[PDB]
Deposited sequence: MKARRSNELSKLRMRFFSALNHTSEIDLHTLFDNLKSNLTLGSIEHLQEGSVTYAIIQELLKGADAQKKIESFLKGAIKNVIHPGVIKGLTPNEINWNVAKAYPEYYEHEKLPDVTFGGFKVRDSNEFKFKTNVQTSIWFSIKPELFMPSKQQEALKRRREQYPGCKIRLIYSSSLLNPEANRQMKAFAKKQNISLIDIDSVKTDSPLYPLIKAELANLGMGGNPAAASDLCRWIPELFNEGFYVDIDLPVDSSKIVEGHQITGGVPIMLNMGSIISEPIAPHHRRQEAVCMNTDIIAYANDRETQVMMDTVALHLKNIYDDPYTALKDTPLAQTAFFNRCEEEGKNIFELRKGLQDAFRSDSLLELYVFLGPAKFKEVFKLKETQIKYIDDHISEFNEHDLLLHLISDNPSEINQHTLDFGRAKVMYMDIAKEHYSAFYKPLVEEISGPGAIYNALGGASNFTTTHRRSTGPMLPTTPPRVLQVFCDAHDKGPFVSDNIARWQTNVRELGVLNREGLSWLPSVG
C-alpha cells in the first residue's frame, strides 16, 4: 500500500495534477489494471496524453477518458510494455488503435536490406546475450588490459548476461591461449575459436585471410567486421564492440526488445546544409555496426545472406567500392586496379609507401595529380617535375619542392610529415568501405535509400516518414543497453586507432 501510494503519485504527476476532472475517481477506476510500467505511457509527450487533453475540452470527459484509458491500457499499452515495446512504438500502436482520437498518416513503405520495414513488433531480440570479438595482433597477448576490464565491467553491470567471445587461437602462442581459456572460463564467457567454425558462408575464407595476412595488408577489425554476417556465429542476441559500456538504467525488465526488421543496427541521422533547388535541408540516416541486434527468426538468416553476398562481391572487386575514396586518386591504385591486385596487396602497398621515407617513392605512389595536391604545387610546378622525374634523385626532387613554396634533412622531414598526415584518410576506407559500416550501409540500401528531405512534425514522434520509420523500428542502439558515441545522434545538424597499421 506504499506500492499503491507510489502508483497513485505517478498517475497524478503523469496526468499533470489536472482538476478539469477528478483524478481520484479516475485512478480508483483504473487501478485494478494499472501498473507503474503503464503510467510512463500516459505522460506529457505521449499520444495517450495528447488525446486526454482533447477529451478534457469536451463534454462527459470523466467518463470518456475513463473508457479510453481502460481500453488503451488493457488492449495496447500493457501488452506493449510486457512485450518490450518502446514509448515510440506504444505511441504508434495507440494512434493506430484510436483513429477517432488521433489523426495520423499511413506507415510509409520503407525497404531495409531487401525487407519492407514492419510495424507489427514481430521480430524479437534478446538483450541478455552478447557477443564480442578480439583478434590479437600480438601472439604474446591474448587481450590487452583495457579489453579485459571492459568484459569484467559488463558482467557486473549486466549482471546475469551471457557473454560470448570470438577469438583466433592460431593468432596466439600456447601460453597466450592457455591464458585466454583461463580468463573466459573464469569470467563464465563462452569462447568461440574462429579457426574451427562450421559454415558455408563465403565470408569465412575472407576472415581467415584477413587474419592470415596480418603484416601483409590484413586487418583484425576487418575480420571482426565480417564475422558479424555469418549465421552460424550470430543468430540471436547482440553483437557489441568489446569496449562498449552498458547503461544499466536502460536494461529492460524482460531482457527483450522488438523491431520491424530482423537485424537492427546503431543508427542516427545528419541534417545537411540547405541544398538546391529549394534551399532545403536533407536528413540522411547514418548507421554503425558497433551494435547489431539479431532476431530469433528465420528472416534473420535471409537478411544476413543479402549482406554477406554484397560483402563477398566487394572483396572480389574492391575497386568499385573504393572509387570515391582519396586513395582512388592515386597512381598506385590505378595500377593495382589494372593488375587486379587484391585488398591485402592494396593495403600493404599503401602502408609500404608511407613507411618508405622516400620522396621519390611517394611521388611514384601518389602520381603527379595527387602529389600536386598534397604538396600544394602550382600546375606549372608539377608539370616541370613530372617531365623530369626520371632524371631526379631524392635531393633533386626536394630542391624543387623547396623553390616551389637551409636544413635539407629537416626539410625532408617536414615534407614527409605533410604527406603522412594523409595516411589515415587513404587507409580507413580500405576497411570501412570493404567490411565496415560503409559497405554495410550500401548492402542495406545505400545513401540514396536513406536520405530524404527533412520534415519536422508536431507533438509525439510517429513513424510516418522513412527516417522516422528507421528511428522507431530499426535502431538497436536506442533500444539496447549499450552505450556508443561512434556516430551522430538522431537528427544532428551537420554543423554541430587500434586498427591503423603504424
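Residues of the deposited sequence lacking C-alpha coordinates, counted from 1, fall in the stretches 1-5, 411-418, 510-517, 524-525.
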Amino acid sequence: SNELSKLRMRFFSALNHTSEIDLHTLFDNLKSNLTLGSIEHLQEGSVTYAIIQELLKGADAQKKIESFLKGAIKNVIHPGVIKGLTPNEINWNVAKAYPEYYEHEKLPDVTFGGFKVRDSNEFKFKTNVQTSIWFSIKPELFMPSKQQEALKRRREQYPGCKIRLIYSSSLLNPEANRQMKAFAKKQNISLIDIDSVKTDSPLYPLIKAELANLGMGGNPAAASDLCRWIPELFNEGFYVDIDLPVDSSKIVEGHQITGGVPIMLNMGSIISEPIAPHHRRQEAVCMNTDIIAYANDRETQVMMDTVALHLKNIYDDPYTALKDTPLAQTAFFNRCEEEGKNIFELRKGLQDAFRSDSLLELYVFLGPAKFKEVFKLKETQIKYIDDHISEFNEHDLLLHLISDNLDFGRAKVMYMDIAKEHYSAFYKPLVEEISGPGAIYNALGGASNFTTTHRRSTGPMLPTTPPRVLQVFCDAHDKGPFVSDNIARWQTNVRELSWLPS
From here on, numbers count along this sequence of modelled residues.
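For the pair 433-441 and 460-468, the record assigns the higher mean C-alpha temperature factor to 460-468. When the mean C-alpha temperature factors of 141-149 and 243-251 are read from the deposited coordinates, 243-251 comes out higher. When the C-alpha B-factors of 378, 410, 388, 96 are ranked from the entry, the top spot goes to 410.
As recorded in the PDB entry, 356 shows the highest C-alpha B-factor of the residues 356, 313, 329, 266. Ranked by C-alpha B-factor against the other modelled residues of its chain, residue 107 falls in the highest third.
In the PDB entry, residue 174 places in the highest third of its chain by CA B-factor. In the deposited entry, the Cα temperature factor of residue 48 places it in the lowest third of its chain's modelled residues. The deposited CA B-factor of residue 30 belongs to the middle third of values across its chain. Residue 367 sits in the lowest third of its chain by CA B factor, as recorded in the PDB entry.
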